[PDB]
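Okay, structure first, notes after.
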Amino acid sequence: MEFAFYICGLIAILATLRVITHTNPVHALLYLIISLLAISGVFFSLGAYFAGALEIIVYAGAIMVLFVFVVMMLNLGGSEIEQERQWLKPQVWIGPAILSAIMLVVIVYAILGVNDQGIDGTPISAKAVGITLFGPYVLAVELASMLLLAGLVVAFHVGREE
Amino acid sequence: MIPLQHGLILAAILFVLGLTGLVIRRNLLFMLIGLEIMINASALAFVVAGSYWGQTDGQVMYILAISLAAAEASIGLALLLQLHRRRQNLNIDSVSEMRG
Amino acid sequence: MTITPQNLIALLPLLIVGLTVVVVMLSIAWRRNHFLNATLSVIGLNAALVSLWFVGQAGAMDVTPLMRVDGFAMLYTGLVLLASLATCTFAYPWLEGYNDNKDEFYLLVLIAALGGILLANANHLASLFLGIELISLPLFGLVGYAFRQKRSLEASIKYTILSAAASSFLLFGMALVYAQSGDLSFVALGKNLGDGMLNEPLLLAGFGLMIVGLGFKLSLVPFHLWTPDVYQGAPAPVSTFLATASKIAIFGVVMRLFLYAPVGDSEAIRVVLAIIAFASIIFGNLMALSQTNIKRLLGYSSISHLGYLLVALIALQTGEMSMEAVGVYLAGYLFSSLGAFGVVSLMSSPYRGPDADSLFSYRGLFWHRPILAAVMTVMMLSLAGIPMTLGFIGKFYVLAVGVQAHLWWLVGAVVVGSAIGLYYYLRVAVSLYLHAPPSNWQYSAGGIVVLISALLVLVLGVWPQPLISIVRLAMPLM
Amino acid sequence: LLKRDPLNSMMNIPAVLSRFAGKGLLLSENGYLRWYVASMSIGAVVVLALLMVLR
Amino acid sequence: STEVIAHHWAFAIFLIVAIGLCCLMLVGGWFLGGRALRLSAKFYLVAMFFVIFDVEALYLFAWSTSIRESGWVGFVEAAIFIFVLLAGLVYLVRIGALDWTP
């Protein structure tokens, strides 16, 4: 239980680290899909079965498919990207990495000072999630449908060819 | 038996890694990818927080989070396609027409 | 908690605007008609505005484990609906010159108004997040509505990337807050701490991350750099909506969150917000000294006015009229920004193609457009805190609120920023009258809207008692 | 010695300071989105550090 | 329980054996034997429609497993949800967004 959580967390961390330091867009998206699979494994180890199911159904099954669709539509051969190596020069990445590391230590210090009895890992089924979704969260569902409609309308208006 | 702090640390690590990818990458596509990593890390933190307390609130907020993430990815990819169609490049530093 | 018929009649503006969205979409799918779709949009928004009276008859209660309806929700829903109606009225003459499809604009305006109403009614972290994104995504559409134009596309890209980053920050902050507390209700954010340990590190860090997200959404320093570029690149009715409705709804939900959360009394959050408000006032006033563009100048004006709003926000737990001061200031700032950006939009309408510049050229506006120049200088004096204007009444309320809580650094910031704002606002108002070298009733409707806004500002600056009584009547739940 | 009104210049000094501060602050509005994201992260670091220090 | 850990072991063995079997047949195929246009935006529109309707589908997935517990109120809420979804689909169809050939 905890073994799967730790291994999948390490796999997701390594995959995201390889995502942010890669030049090939398709390789970056493949490592991103691997990180999404690992994060869904983390979800399944914590008992949030619906979270992992929607992570691989939608996040690794719709959004990343859309990203790969756009990448292969553009035919990105690394023009002025593969030949630049700009993010690998230390004068570019030393600053932001130091800043993100400082923020990480601040957030870690904040995290380590909270009450923690641990996670029992009892499986929260999709039945209870659907009960809460159409019970105390009706307006959340309806306005989330409204938000998805708004995003669909905007993306149609912007991404037309004419 | 898994600590909540370790899951929150994993979520924070993924969040700052996605933010670093958003900052240091000049490509708009890698900026959108880093944004996707950040919102997924926030959703992971919500799922860990919900599963610690034994509530469906974390999964409901994750559902809203991935609805927003899907819509935002669609919006950013539409804008990226418009940029690549009308400028033939994805240089985010070159698109700096108004300033000051 | 389930939904009763009383809960349904308390849900009237949300349901009315959503039904308007569905009806407008079905009308677009039937036949693309600009006039009919705009008429349906404004009729739906007016129906929500007049169903607010039935909501007020229904009383104040909690409608959801998420929403809460009281006079707070009434006032901010009315402000958001008025801003959306003015945005549609300014948008029609601008859209008359649009070669591409025009009917999606009103759909996006309606959905953003729905998000604003949800933010006004929000009593939950989930509702606050959903209202923020329901405001943001239609603004992504409206800012880059003229995506052929380079400025609008650049502003859309910048706004989308930065708002996605701020939404990730805000969601991570809510996640840390929920991990600390265990309940997502506004009142329960800190109820599990007592005897002087309110400053829990995880709760403080989470609230700081949502402070980062909301300070992006309210153009607060140092998350303010997007404001002049997004304000300039976006269309002028979009600039009107982004200046008024989004800021009003987000500041109203921030008011409700900081009023209801017990952790809002913590001193570290108040000191951080004091530093943010001080820097926001000083920076937004200083950075507009030498702006030849009206849109960037109004963006820095928005930064400074939101700094004044945050100054009124800090004394919420000490004073008694702080939320009343915020309401009066927000009504005055709504009318001021509505008049200013409406004059900008009426000069920028119709849309004269994407390859041609949208330059304002405000110098000598009186010699061909005297009424619009009079309105523009009235709103310029209103934004400066100059008396017999509603902006002065809001500034007086902010000053009294700061005086009550001994926040003298913020008061000195308000005075210095008022002097710098006086300089650039009077420069614009006097450049209106120097020397430099329509034909439909929608343009007349927009001119009537800006004239009514100017007359309202003048009357409620001379006689501010009815607005004060209305704002005091909008009493939330203790 | 006083025909140039030295006290007027002394009281006009804050106007020059305000103009210089505004010119210096306008350099942050360079129009670069990556700098905007970096400034947002800088503000997040500053806010979190201030909250951790003052807790 | 013995049954649940046995089932977890069986599922792990299934996954491992399937992946290793495909890897082993790839290795065997590699081992044996001697030697000697611009894409349109309609694909993006289709994929984006798939993404948006898949998220609305996930909401319906959550609803469908708890129809009995939600009662008629949940049926009403899902009716407004499905009506909004169908209005969006009709809007997409009627403007030619889902039509490939112009």
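As written, the chains take the letters A, B, C, D and E, and residue 1 is the first residue of each chain.
By our rule, a residue touches a chain if its C-beta (ideal position, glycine included) is under 8 Å from a C-beta of that chain, and two chains touch if they have at least 3 such contacts.
**Q** List every chain that touches both subunit C and subunit D.
**A** A, B
**Q** Most C-beta contact pairs, which chains?
**A** Most contacting pair of chains: A-B.
**Q** Farthest chain from subunit E, comparing Cα centres?
**A** D
**Q** Taking the mean of the C-alpha atoms as each chain's centre, how many Å separate subunit C from subunit E?
**A** The answer is 39 Å.
**Q** Just curious, how far off is subunit E from subunit A if you go by their C-alpha centres, in Å?
**A** 17
**Q** Using the average of all C-alpha atoms in each chain as its centre, how far is it in Å between subunit A and subunit D?
**A** The mean C-alpha positions of subunit A and subunit D differ by 37 Å.
**Q** Can you work out the whole-Å distance between the CA centroids of subunit A and subunit C?
**A** So the centroids are 31 Å from each other.
**Q** Which residues of subunit C are in contact with two or more other chains?
**A** In subunit C, the residues touching two or more other chains are 2-3, 18, 126, 130, 133, 137, 140, 144, 147, 156-157, 161, 165, 169, 176, 179, 201, 204-205, 228-229.
**Q** Find every residue in subunit D that makes contact with two or more other chains and list them.
**A** 26, 29, 31, 33, 37-38, 41-42, 44, 48, 52
**Q** Residue numbers in subunit E touching 2 or more other chains?
**A** 41, 44, 48, 51-52, 54-55, 58-59, 62, 73, 84, 88, 91, 95
**Q** What are all the chain pairs that meet the touch criterion?
**A** Contacting pairs: A-B, A-C, A-D, A-E, B-C, B-D, B-E, C-D, C-E.
**Q** In the complex of these two chains, what residues of subunit D are touching subunit B?
**A** Interface residues on the subunit D side: 26, 29-34, 37-38, 41.
**Q** Where on subunit D is subunit A touching in the complex?
**A** Interface residues on subunit D, with respect to subunit A: 38, 41-42, 44-45, 48-49, 52.
**Q** So in the complex, the part of subunit C that touches subunit E is made up of which residues?
**A** Residues of subunit C touching subunit E: 2-3, 18, 22, 25-26, 28-30, 32.
**Q** Going by the contact rule at the top, pick out the subunit E residues touching subunit B in the complex.
**A** Against subunit B, the touching part of subunit E is residues 41, 44, 48, 51-52, 54-55, 58-59, 62.
**Q** For subunit B, which residues count as touching subunit C in their complex?
**A** Residues in contact with subunit C: 4, 8, 11-12, 15, 18-19, 22, 28, 31-32, 35, 38-39, 41-43, 45-46, 48-50, 52-53, 55, 57-58, 60-61, 64-65, 68, 71-72, 75-76, 79, 82-83, 86, 92, 95-100.
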